[PDB]
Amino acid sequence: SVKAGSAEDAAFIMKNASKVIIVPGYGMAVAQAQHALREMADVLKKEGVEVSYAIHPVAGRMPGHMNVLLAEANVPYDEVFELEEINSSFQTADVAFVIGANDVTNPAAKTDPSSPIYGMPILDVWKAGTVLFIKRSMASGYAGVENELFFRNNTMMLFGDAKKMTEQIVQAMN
């Protein structure tokens, strides 16, 4: 079921990759992990890896929640993409780096009609070669429902605080 991983694991997967899509959500905001996140993108772009950000229209708890924090962290606008711009790019991506997002990626929005988030559009993060979730536990999100992708074969869970874990990933990279 749950394939748990560490900062050391995430470091080589993304450095061996040639394309990484970062998926920020509410947990990123709670931990104030944006500065460590952009720092991680910088050490990736220097390595030759092309990095992007996939922003769900309702990530976080307000409109533009991810935008203001990414802007605070000096993330350039040309790396930042809305759901409809970037949903077809997961196929060509080696890694979907999902940091503090959950409902935003949950496939039960397409499947389960009794799901609270049914009909809501989502980011098809599973189409990436590898998906890594950063969150503290196996707890649900705002919708209060489980996510099928945590048990999927191409998913690695990275349990920890979003700021703490991402800081360690930058340290595990050189």
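Numbering starts at 1 and follows the sequence shown.
For the segment pair 137-145 and 28-36, the entry gives 137-145 the higher mean B-factor, averaged over Cα atoms. The mean C-alpha temperature factor is higher for 122-130 when 65-73 and 122-130 are set side by side.
Residue-level temperature factors show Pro57 in the lowest third of its chain, judged at the C-alpha atom. Sorting the modelled residues of the chain by their CA temperature factor places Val20 in the middle third. The deposited CA B-factor of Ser89 belongs to the middle third of values across its chain.
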